[PDB]
Every structure is written in C-alpha cells, then in structure tokens.
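>>> Compute the structure for the input listed below.
(chains A and B, ligands or ions: 1)
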Amino acid sequence: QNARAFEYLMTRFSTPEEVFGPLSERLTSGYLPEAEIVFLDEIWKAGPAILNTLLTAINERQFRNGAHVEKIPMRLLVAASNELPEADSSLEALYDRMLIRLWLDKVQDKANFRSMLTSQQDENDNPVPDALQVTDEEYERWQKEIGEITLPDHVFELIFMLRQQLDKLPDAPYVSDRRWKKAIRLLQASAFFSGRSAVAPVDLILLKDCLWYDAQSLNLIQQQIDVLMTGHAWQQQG
Amino acid sequence: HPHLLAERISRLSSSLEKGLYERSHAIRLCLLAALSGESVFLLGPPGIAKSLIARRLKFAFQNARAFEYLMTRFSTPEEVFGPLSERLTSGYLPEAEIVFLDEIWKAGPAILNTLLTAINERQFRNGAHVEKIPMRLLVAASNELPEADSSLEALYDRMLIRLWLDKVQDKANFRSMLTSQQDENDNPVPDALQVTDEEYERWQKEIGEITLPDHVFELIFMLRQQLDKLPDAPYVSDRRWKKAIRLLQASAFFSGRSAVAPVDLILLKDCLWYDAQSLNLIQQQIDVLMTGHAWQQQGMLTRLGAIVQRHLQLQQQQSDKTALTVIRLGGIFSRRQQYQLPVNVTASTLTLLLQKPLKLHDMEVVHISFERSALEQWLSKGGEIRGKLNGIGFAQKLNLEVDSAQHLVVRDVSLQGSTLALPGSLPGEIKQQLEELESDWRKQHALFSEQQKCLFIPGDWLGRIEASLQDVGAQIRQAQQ
Ligand SMILES: Nc1ncnc2c1ncn2[C@@H]1O[C@H](COP(=O)(O)OP(=O)(O)O)[C@@H](O)[C@H]1O
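Numbers count the residues shown, from 1 in each chain, chains lettered A, B, ... in the order given. Below is the structure:
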C-alpha cells in the first residue's frame, strides 16, 4: 500500500550523487533512502563509493545522510546482471551477503509460449486487488513472529549433514556462517505463510539457489540437494 | 579497589559474548586492546563474524562512533577521511573512536600513507594545522596475505594482535547459533558497565606505571634468543617487543594485580607469527616455555638432580651390604629368566647403583637408571639392551651380560667387571636440602592458584600448566620415600 520503484542501471562511470540524490542535506526525493523496492541492473561495474554505501544499508538499514543518519524502509532488494565478477575483486563482498540467487532462463515449453507470444495484459496497470494488499502495521508485526518459529531436532540433522558433505568435496563451493543463519529466516518465513508453526523438512528445496556462486557449482548444489531430498529427507535412503 | 576492577570487566565481556558463539578469544582480545590504545588484526574467510565485533565494542563505551568501510582497488583518500571544501570530517575517522577497514590489502598508495601517521602520533593533517584523533580501537579484516616484497608490510609489522578466526566446528554450539533471536543492532550492554571519558584518560597513564619483576625479564629475553637461532622462526622486530609490554601490563591491570604476571605471556601466541607456516611454531615454543621456565618447572629439575646426585653418592659408598641377585628357575624348562627389583621401586624408571665405576660412552657414570616397563624386554626377548646413563640422555646401548653368580656385570671396552646393586631403604643433610626445594614448589604453585581467574587467558592453556606442575611435584616426592 506504500511502495516505490527505482529502476537504475549501474555504469562504469556512475556517481553516487546520481543514485542517492544530489546534495544541496541530500535531495533524496524518490530514490533509495525513502524507497522500498529498488532495482539495480549491471551491479558488477559501479564505482567504488557506490558499493561501499550499499553495505551499510543492509546490515543496519541506515544511510550516512551528511550529519545525522536516518533509517531506510527497504523491504526488497533485487539485482540482476549477465556476467560474473572476478575471483579476486571487491565485488564479492556484496555477492556473499545476498541470500537468494535466482537462475532464470528463456522459455522452453511450446504450450506456455502461445499465449506468451500474443499477450494483451498490460505491464503498468494494477492487477492486484485492494483487499489482498497488506498494510504498514501488518508488516512490522510479521517481522517479529518469523524468529519465533521453533527448530525441530529432525531438521537440524539435515542442515549439519549438508554442511559437512560440502566441506569434504573439493569441487563443492565454500559456504560462510552468515549464509546458514540467513537461510533459516527464509525457511521459517515459508512455513509461516503456509499454515505451520515449525520448520518443515520440505522447505529445504529453496536451498538450491543459496549455495552456488557460478555456473560450475550450479550443477553440484542442485545434485547434492536432490539426493538429500530423495535420500535423507523423509528417510528415503534411510 | 583494584580487586573490584576485575569483577566489572568480567561482567562487561559477558554481555558482548551474547550473540557470537565460539568467539570468546576474539572479543576479549579486542576489549583489552581498546582500553590500552592498541590495534588488532583478523584473518579468515568472509563470513565468520569479522565486522560485527567492530560494531559491538562501541556499545561498551558512552561516546563511541562506528565506521565500516571497504577498501577497494580504486579507492580515494577523499572518500575515507571526508571530502574537502578544511576537510569535512563529519563522522568518519579523525573524530571517530572504533573504525573498521575490510580488505585493507588493496587500497590506494595515499591511503596507507595517512594511516601510518595516525598510529604513532594519533594525529592527522588537515591543510595547515593538525588535530588529534580520539581513536581507541583499530581493527582490520581480510582474507588473503600480502606479497613478500611490497609496501603493505609496513602496516602489518606495526599491528600487535593477530587473531586467527575460523568457521564453526562444534555441533552443540551450532544449534543455538543457527537459530539465534538476538539482534545485532541493539544495546545489550547495561548503562552501569559503560565507562566514561574521564576513566579512560586515567587508565591510559596507570598502565605504564606497572613494575617489571626481574623473573619476568628472564622469560622475554630467553624467547628472543631462542627464535633467533631457529632459521624457520619468524623475525620479530624491536617495536613488537616494546608494544607487547603494554598488552601484558594491561592484562594484569584489569585482573587485580600491580605487577607483570608470568601467566600473561600466553597472549604472545598471536603477536609474533605472520603466516600459516609460522602459526604452529610460535604456539610450540611458548607452550614449552610456559611449561618449562614460567613457574620454574625446569629450574627445579636442574636443582633436584644435584640433590639426588649428592644422595646417591653416599649410598654407593656403602653398596657392599646388599647387592642384586636374580633367580635361576629351571626344573622343567629351557633358558632361565632374568628380572629386576620388585616392589622396592614404585616407579616406571628405577635406579641402580654400582661399586667400581667405569667409563661408558667415553664418560664417567655413578648410577645407572633403567625403565621398569622396558627392561623386561631385553631380559626376555634378548638382543641388545637400551638404557640411559645418569638419568639423562636417550636409551644408549650398553654391554651387559649374565654372570655365573647371577650379577648384572656391566662390561665396557676393557672387559671390566661391575656388579650392580640397590640403594638402601634418608640422611639429615639430604633431607635439609630437599625441604628447601620442596618449599619452593609450594610457593610457585600458590602463585598459580590465585591469578588463574584472569579473563584474558584461554581455558585450554590451564590444562597444560597444571599437568606440568604436578609432574615436577611427583618426582620430588620420590627421593623422600
Ligand atoms: N561464527 C559466527 N557465530 C555467530 N554469528 C555469526 C558468525 N559468523 C557470522 N555471524 C553473524 O553474521 C552476521 C554478519 O556477519 P559479517 O559482518 O558478514 O561477518 P564478516 O564480517 O566476517 O563477513 C553478524 O551479525 C553475525 O551475528
């Protein structure tokens, strides 16, 4: 009911004044410090000062607005690109902090391409009804009830086992401790909006887009989880 | 008054630990360096809680500011110390207290040049006049190591504490860590445990007033000469030895002490090494020093040997009263058997006395000491005996055989006879000198049983110190039996 958009393209010669609003103390009228859902395309080529300001707006939800600081009501942070960053660069600090790594691709099915090729639905209207939109009061209350989800003993036996399996495989990517803590908030939120009070074992499917980092480790993460979900989840291989 | 200071620090570090498991060695080391004006370095993979410790120690004070910046390959000094108009340093580093600099091994050339003047002088140039920086804690984290021939080594050699963090390994400490409800942006430190600005300026002057005992200097100078003789040991500059004293004097200040304690030398395990190769060498030399010359472990070993030498000297003169005799079992059996003293020696290493001394291994000997759990091997399997001499050295090969009268005749290079015997089952001269050395062990043990409550000491080091003190005490109680 109170969301704003911000579609910006990061270039090799971009300046922080053209992103967070130019100063006069900074004219942040509809940009990022007061926005909710911002879009950043081609993030792997911005300036050095642009990436440094984005790290403080994630762990603290604040911004250095000259003298006094202020909070940022950022609810969703999305970023898209095409290529991959270097192996020894400063751009890996933001990639290791992002949770979900969606892997989109072009369409392949023929039945779903007929209506998609000739679609009359507008992409700038409001297809969401006014009765299905949440208010600002319900958002602040839901941020606290997610952490109250209990962790069953059977769920912990699969998280610790998957961590030890990737450590023994040399070709498996390294997963930091921050990724394991942030992934629980995603699984607990999935069972919260599904009519459950505890962490469901089926929620481990979403971990296929939170462990890999390149195209080489994409076929390894989706393979170990497929065996885990069809082996030790509901005691398949057991 | 000094005794109540150690209790206030123990309650301050307890609230800082809430939220970060298996990180007690990293928070306690940053708290002591912040109250003494020292730096700290962290190394490890990105994602092992390296930036939160810089934002957590600021809540333990009353006027602290945070500064989390990431140094890049194209970073400029104007974006770190504030742009100029004379420089707008509103909330950056010249007026901050605890700053955080991640990936410091890739900044610009002018960035590192300004960080060197803000450490030795605590100042920063600003066009014309200069000003002081109220910096209290300097932390820097990264991932890899710099080059061997580069300009980045000027800052690494100046940092004192080199923390070695790593990912979690324990399973019990990972359950509550995986699902933690503690916020990382609140104020878990109470208002009563936060020091003021007046108490900080007063503590910085009382650290230098800590006296240096004469026994403590014997351990620092010995460690410096030991690392110089080892080619694989890392080089330690003279600046590191001077800056390490401020860390040890600050540990005893917040622990209820007025002098430098020998137990404070444990913190030197993270202030000498520089890479992963020298990490296992520094922790090995200190472990031997703390269990050898700290509380006079080996110092009493060279003194107890002189008492045993004087005691065995008066016992070998009257060894003609009772000698050694091995049985000659036969009846219905082949070769006879050979053994040693029974319950008369209740130890794994028994001693033997000889009458006529000989020259074995181009040296004189007054008593032959064998192993109780190893002498039966040669006496049953046969071959060549392996025993030490004078209670020292390795198991040398001697020329021992069986005599017609069952006597351990130790032969040499001249085919000379030497019948071994046993000491008698305590003179007044030996007992008087033994009580003087035994009383010294109780004085050294009483010091460890009073200062072990230091919060800035890891728990795994107390197991090796207690095992080293009981080993010396178990040997001094053998001669008095
Ligand atoms: N070993 C750990 N134990 C507990 N919490 C951790 C650990 N590692 C990371 N975290 C949590 O992850 C969050 C972000 O950590 P971060 O600053 O990214 O670490 P780093 O600076 O090492 O990358 C912190 O709030 C911290 O609570």
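>>> how much space is there between the closest residue to chain B within chain A and residue B:100?
Nearest residue of chain A to chain B, counting by Cβ to the nearest Cβ: residue A:176, 2.3 Å away. Heads up, the C-betas are built off the backbone N, CA and C, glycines and all. Distance, residue A:176 to residue B:100, using Cβ to Cβ, to the nearest Å: 18 Å.
>>> go on, residue A:15?
Taken as Cβ to Cβ, the span from residue A:15 to residue B:100 is 25 Å.
>>> the more surrounded of the two?
residue B:100 (21 against 13; other Cβ atoms under 10 Å in any protein chain shown).
>>> My reading is that residue A:220 is in a strand; is that accurate?
No: Residue A:220 sits outside any strand when classified using DSSP: H, G, I helix; E, B strand; the rest coil, being helix.
>>> residues in chain A within reach of chain B, list them.
Within reach of chain B by Cβ under 8 Å from any Cβ of the partner chain, chain A has these residues: A:47-49, A:51-52, A:55-56, A:59-60, A:64, A:66-67, A:88-90, A:92-93, A:96, A:147-148, A:151, A:156, A:159-160, A:174, A:176-181, A:184.
>>> and the closest residue to residue A:96 other than its chain neighbours, what does it touch?
In space, residue A:96 comes closest to residue B:46 once its chain neighbours are excluded; the distance is 5.5 Å by Cβ to Cβ, 6 or more residues apart in numbering or on different chains. By Cβ atoms under 8 Å, 6 or more residues apart in numbering or on different chains, residue B:46 lies in contact with A:92, A:93, A:96, A:176, B:143.
>>> which residue is nearest the centroid of chain A?
For chain A, the residue sitting closest to the mean C-alpha position, by Cα atoms, centre = their mean, is residue A:100 at 3.9 Å.
>>> roughly how far apart are the residue of chain A closest to chain B and the ligand?
Going from residue A:176 to the ligand by Cβ to the nearest ligand atom, to the nearest Å gives 7 Å.
>>> How is residue A:160 classified with respect to secondary structure?
helix.
>>> Dump the C-alpha coordinates for the helix or strand residue A:186 falls within into CSV.
Using DSSP states H and E, residue A:186 sits within helix A:177-192. These are the backbone C-alpha positions of helix A:177-192, laid out as CSV (Å, rounded to 0.1, in the frame of the first residue of the first chain):
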residue,chain,number,x,y,z
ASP,A,177,28.4,-18.9,8.5
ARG,A,178,26.4,-15.9,7.5
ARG,A,179,24.6,-17.8,4.8
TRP,A,180,23.5,-20.5,7.2
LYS,A,181,22.0,-18.0,9.6
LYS,A,182,20.2,-16.0,6.8
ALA,A,183,18.8,-19.1,5.2
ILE,A,184,16.9,-20.1,8.3
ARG,A,185,14.9,-16.8,8.1
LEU,A,186,13.8,-17.8,4.6
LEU,A,187,12.7,-21.3,5.6
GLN,A,188,10.9,-20.1,8.7
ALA,A,189,9.1,-17.5,6.6
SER,A,190,8.0,-20.1,4.1
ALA,A,191,6.3,-22.2,6.8
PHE,A,192,4.8,-19.1,8.5
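>>> mind checking how far it is from the chain centre?
11 Å (Cα atoms, centre = their mean, to the nearest Å).
>>> And stretch A:180-198, by the same measure?
With Cα atoms, centre = their mean as the basis, stretch A:180-198 stands 14 Å off its chain's centre.
>>> which parts of chain A sit against the ligand?
A:177, A:178, A:181 (Cβ under 6 Å from any ligand atom).
>>> Among the residues of chain A next to chain B, name the ones in helices.
A:48-49, A:51-52, A:55-56, A:59, A:92-93, A:156, A:159-160, A:177-181, A:184 (DSSP state H).
>>> Which one of the residues in chain A is closest to the ligand?
In chain A, the residue that lies nearest the ligand is residue A:177 (3.7 Å; Cβ to the nearest ligand atom).
>>> quick check, residue A:164 in a helix?
Yes: according to three-state DSSP, residue A:164 belongs to a helix.
>>> need the next SSE after the one helix or strand residue A:115 maps to, C-terminal direction.
Assigned by DSSP H and E, residue A:115 falls within helix A:111-117. The element immediately downstream of helix A:111-117 (helix or strand, assigned by DSSP H and E) is helix A:136-145.
>>> Pull that next one out as PDB, backbone CA atoms only.
Written as PDB, here are the backbone C-alpha positions of helix A:136-145 (Å, rounded to 0.1, in the frame of the first residue of the first chain):
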ATOM      1  CA  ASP A 136       2.100  -1.000   7.200                       C
ATOM      2  CA  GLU A 137       1.000  -2.300  10.600                       C
ATOM      3  CA  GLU A 138       1.000  -5.900   9.500                       C
ATOM      4  CA  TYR A 139       4.500  -5.700   8.100                       C
ATOM      5  CA  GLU A 140       6.100  -4.600  11.300                       C
ATOM      6  CA  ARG A 141       4.300  -7.400  13.300                       C
ATOM      7  CA  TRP A 142       5.300 -10.100  10.900                       C
ATOM      8  CA  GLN A 143       9.000  -9.300  11.200                       C
ATOM      9  CA  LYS A 144       8.900 -10.500  14.800                       C
ATOM     10  CA  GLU A 145       6.800 -13.600  14.500                       C
END
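>>> Between helix A:177-192 and that helix, find me the angle.
Orientation of helix A:136-145 against helix A:177-192 (axes from the mean of the first three to the mean of the last three Cα atoms, to 10 degrees) gives an angle of 120 degrees.
>>> Report the distance from helix A:136-145 to the chain centre.
19 Å.
>>> Also stretch A:200-214?
Worked out by Cα atoms, centre = their mean, stretch A:200-214 lies 12 Å from the chain centre.
>>> Quick one: end-to-end length of that stretch, please.
Taking Cα to Cα, to the nearest Å, stretch A:200-214 runs 28 Å from one end to the other.
>>> Which element, helix or strand, includes residue A:8?
Going by DSSP H and E, residue A:8 is part of strand A:7-9.
>>> Parallel or antiparallel, which strands does that strand pair with?
Strands adjacent to strand A:7-9 in the sheet, as given by DSSP bridges, are strand A:37-41 (parallel).
>>> before we move on, the earlier item: next, give phi and psi for the residue of chain A closest to chain B.
Backbone dihedrals for residue A:176, given as degrees, to the nearest 10, come out at phi -80, psi 170.
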